Amino acid sequence: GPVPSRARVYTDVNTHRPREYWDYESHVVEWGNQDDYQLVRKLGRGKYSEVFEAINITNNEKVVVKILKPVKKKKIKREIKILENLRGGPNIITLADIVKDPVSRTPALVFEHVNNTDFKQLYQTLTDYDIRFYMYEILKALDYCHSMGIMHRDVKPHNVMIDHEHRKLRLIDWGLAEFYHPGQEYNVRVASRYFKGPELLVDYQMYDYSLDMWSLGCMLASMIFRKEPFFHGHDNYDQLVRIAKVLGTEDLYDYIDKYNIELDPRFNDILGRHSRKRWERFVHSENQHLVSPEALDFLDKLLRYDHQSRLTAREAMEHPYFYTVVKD
Ligand SMILES: COc1cc(/C=C(\C#N)C(=O)Nc2ccccc2O)ccc1O
């Protein structure tokens with residue numbers, strides 16, 4: 001069978017938390033007043049929710065109302081419980097309220113308002129300092145939720161809100177987030193294709209927080225190299241081949257051999273043999289100002305097949321890449 005895996009950090013956090021903390025199916029939602037919020041305009045319609053700009057008329061403050069699409073109640077309460085567990089954490093989106101929406105007959109999550117700019121728009125103008133700064137801000141959110149026993153499992157630019165005017169960042173859409181329990185096998189059908197960790201693409205279910213670090217690596221690669229997205233697979237199988245053309249097939253086999261994982265036999269005629277590449281090959285005159293030896297070394301240490309070999313969020317925050325970022 002497959003070799004079990006454990007997170008190398010925050011392994012037992014949910015073990016020594018009270019059951020109330022992670023047993024989200026037993027959570028009791030405290031409903032606010034749905035009439036407190038006047039929807040102003042629709043912002044987006046995802047697979048699991050519609051997001052609206054609204055005003056809390058009890059304080060005349062802009063808020064964001066996320067009306068969930070009809071899904072299993074465990075998944076709704078998972079997100080709610082995770083949001084309430086992480087509330088107040090660094091750069092975690094703040095769940096201000098939960099109301100029962102009378103039209104959808106589904107919970108509407110009310111969040112703080114973040115004056116976001118489009119990441120396609122934003123990532124075109126981000127400076128080298130801007131990238132390191134926001135990466136560090138994402139790392140604060142990731143280390144916090146990991147330290148709280150939760151993996152986001154959907155880290156991608158669309159889930160990173162940035163008010164660039166006030167240099168404000170929020171990690172959002174915790175609808176795929178899960179509590180990490182040692183030895184638990186998780187759904188591999190998480191994260192967007194371009195940001196899926198190799199563990200997902202090889203169907204290894206006993207993953208952990210390190211999944212988010214791969215996704216963060218994919219984001220960093222897309223920014224400093226100005227290639228959106230970096231690993232641009234056409235499906236989940238071609239996705240792994242895209243990664244294997246950069247990280248090499250031999251370390252891929254080392255990875256699946258370490259965990260006694262077997263590749264889908266459909267990889268036999270599409271994977272091929274690929275050397276591991278040096279990150280300098282992706283540097284060119286149009287992105288070189290975003291690249292540094294620290295950037296490449298940091299990226300190198302995030303994008304590792306072996307989830308157990310990736311930098312943890314805290315380790316990533318110690319990296320020389322962030323030495324130039326002004327601390328507070
Ligand atoms: C989808 O899941 C979540 C979404 C959010 C928040 C937003 C979204 N999407 C949001 O504020 N967007 C936005 C704001 C201002 C201008 C343009 C915008 O698109 C918060 C928590 C979630 O869980």
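Start at 1 with the first residue, then count along the sequence.
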Tell me, yes or no, whether the heavy-atom count around [X] atom [atom1], taken from other residues, nucleotides or ligands under 6.0 Å, exceeds 12.
X: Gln205; atom1: CD; result: yes
X: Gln184; atom1: CD; result: yes
X: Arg278; atom1: CZ; result: no
X: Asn60; atom1: CG; result: no
X: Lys245; atom1: NZ; result: no
X: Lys140; atom1: NZ; result: yes
X: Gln124; atom1: CD; result: no
X: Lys62; atom1: NZ; result: no

Aromatic ring centroids of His307 and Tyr259 under 6.0 Å?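 Close enough - the centres of the two rings lie under 6.0 Å apart.
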
Looking at the rings of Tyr21 and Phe179, which for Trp means the six-membered one, are their centres under 6.0 Å apart?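 Yes: the rings meet the under 6.0 Å criterion.
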
So which residues get pulled into [X]'s cluster when ILVMFWY side chains under 4.5 Å apart are joined, directly or through others?
X: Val110; value: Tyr37, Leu39, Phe52, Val63, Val65, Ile67, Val99
X: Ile55; value: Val40
X: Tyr323; value: none

Establish, for the pair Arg167 and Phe133, whether the NZ or CZ atom is under 6.0 angstrom from the six-membered ring centre and no further than 45 degrees off its axis.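 Judged by the rule, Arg167 and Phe133 form a cation-pi pair.
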
Enter the distance from [X]:[atom1] to [Y]:[atom2] here, rounded to the nearest 0.5 Å.
X: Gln121; Y: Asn116; atom1: CD; atom2: CG; answer: 9.0 Å
X: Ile82; Y: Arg87; atom1: CD1; atom2: CZ; answer: 13.5 Å
X: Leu240; Y: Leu252; atom1: CG; atom2: CG; answer: 5.0 Å
X: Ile261; Y: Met206; atom1: CD1; atom2: CE; answer: 10.5 Å
X: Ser309; Y: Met213; atom1: OG; atom2: CE; answer: 13.0 Å
X: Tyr305; Y: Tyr253; atom1: OH; atom2: OH; answer: 10.5 Å

Check whether any side-chain heavy atom of [X] sits under 4.5 Å from a side-chain heavy atom of [Y], and report yes or no.
X: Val325; Y: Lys327; value: yes
X: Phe322; Y: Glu294; value: no
X: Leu139; Y: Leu216; value: yes
X: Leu211; Y: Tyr186; value: no
X: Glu228; Y: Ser222; value: yes
X: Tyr136; Y: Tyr321; value: no
X: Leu109; Y: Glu79; value: yes
X: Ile270; Y: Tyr237; value: yes

Apply salt bridge (charged side-chain N to carboxylate O under 4.0 Å, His left out) to the pair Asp128 and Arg132, showing each step before the final yes or no. CA-CA 6 Å; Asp128 173 44; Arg132 315 189 191 208; 2.8 Å; yes

State which residues pass side chain to side chain donor-acceptor pair (under 3.5 Å) with [X]; sequence neighbours excluded, sorted by chain then number.
X: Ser285; result: none
X: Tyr24; result: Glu178
X: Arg41; result: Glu53

Would you please say whether a donor-acceptor pair under 3.5 Å links the side chains of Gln308 and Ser5?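 The criterion, which ignores hydrogens and geometry beyond distance, is satisfied for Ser5 and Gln308.
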
Quick one about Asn91 and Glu137 (side-chain donor to acceptor, distance below 3.5 Å, no hydrogens or angles considered), yes or no?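 There is such a pair between these side chains.
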
By salt bridge (charged side-chain N to carboxylate O under 4.0 Å, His left out) - contacts of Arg193 (at least two apart):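 Salt bridge (charged side-chain N to carboxylate O under 4.0 Å, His left out) list for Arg193, sorted by chain: empty.
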
Just to verify, what does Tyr134 make a ring pair (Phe, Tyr, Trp, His ring centres under 6.0 Å) with, not counting sequence neighbours?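 By the ring pair (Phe, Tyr, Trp, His ring centres under 6.0 Å) rule, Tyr134 matches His164.
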
Ring pair (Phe, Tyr, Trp, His ring centres under 6.0 Å) partners for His289, two or more places apart: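 Counting only residues at least two positions away or on another chain, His289 forms no ring pair (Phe, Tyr, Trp, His ring centres under 6.0 Å).
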
Apply salt bridge (charged side-chain N to carboxylate O under 4.0 Å, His left out) to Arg310 and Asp306, showing your working. CA-CA 7 Å; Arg310 302 167 199 155; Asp306 197 337; over 6 Å; no

Can you list the steps and then say if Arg242 with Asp238 is a side-chain contact (heavy atoms from CB on, under 4.5 Å)? CA-CA 6 Å; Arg242 295 311 181 109; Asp238 184 59; 3.1 Å; yes

Check: residues 25-33 side-chain donor-acceptor pairs under 3.5 Å, at least two apart:
unit_1	atom_1	unit_2	atom_2	d
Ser26	OG	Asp23	OD2	2.8
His27	NE2	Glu84	OE1	2.9

Do the ring planes of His234 and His232 sit parallel (below 30°), tilted (30 to 60°) or perpendicular (above 60°)?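 Taking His232 first and then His234, their aromatic rings sit tilted (interplane angle of 30° to 60°).
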
Show your working on side-chain contact (heavy atoms from CB on, under 4.5 Å) between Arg78 and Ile76 and close with a plain yes or no. CA-CA 5 Å; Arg78 192 180 62 191; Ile76 288 176; over 6 Å; no

Can you tell me which residue among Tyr194, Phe282, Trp214 is in a ring pair (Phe, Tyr, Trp, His ring centres under 6.0 Å) with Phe230?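 Output: one option passes, namely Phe282.
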
Do you know which of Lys42, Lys66, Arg45, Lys69 makes side-chain hydrogen bond (donor to acceptor under 3.5 Å, both in side chains) with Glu50?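 Going through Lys42, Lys66, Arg45, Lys69 one by one, the side-chain hydrogen bond (donor to acceptor under 3.5 Å, both in side chains) with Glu50 is satisfied by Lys42 alone.
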
Which salt bridge (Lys or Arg N to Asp or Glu O under 4.0 Å) pairs, counting each pair once, include a residue from residues 89-106, with sequence neighbours left out?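 Every pair satisfying salt bridge (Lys or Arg N to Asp or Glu O under 4.0 Å) with a residue in residues 89-106: there are none.
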
Give the table of side-chain donor-acceptor pairs shorter than 3.5 Å for residues 141-161, with sequence neighbours excluded, one pair per line with atom names and distance.
unit_1	atom_1	unit_2	atom_2	d
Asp143	OD1	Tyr10	OH	2.6
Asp143	OD2	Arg314	NE	3.3
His146	ND1	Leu142	O	3.3
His146	NE2	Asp212	OD2	2.7
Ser147	OG	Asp143	O	3.1
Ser147	OG	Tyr144	O	2.5
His152	ND1	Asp154	N	3.0
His152	ND1	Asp154	O	3.4
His152	ND1	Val155	N	3.4
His152	NE2	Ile172	O	2.9
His152	NE2	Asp173	O	3.3
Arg153	NE	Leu176	O	2.7
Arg153	NH1	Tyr207	OH	2.8
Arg153	NH2	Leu176	O	2.7
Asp154	OD2	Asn159	ND2	3.0
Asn159	ND2	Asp154	O	2.6

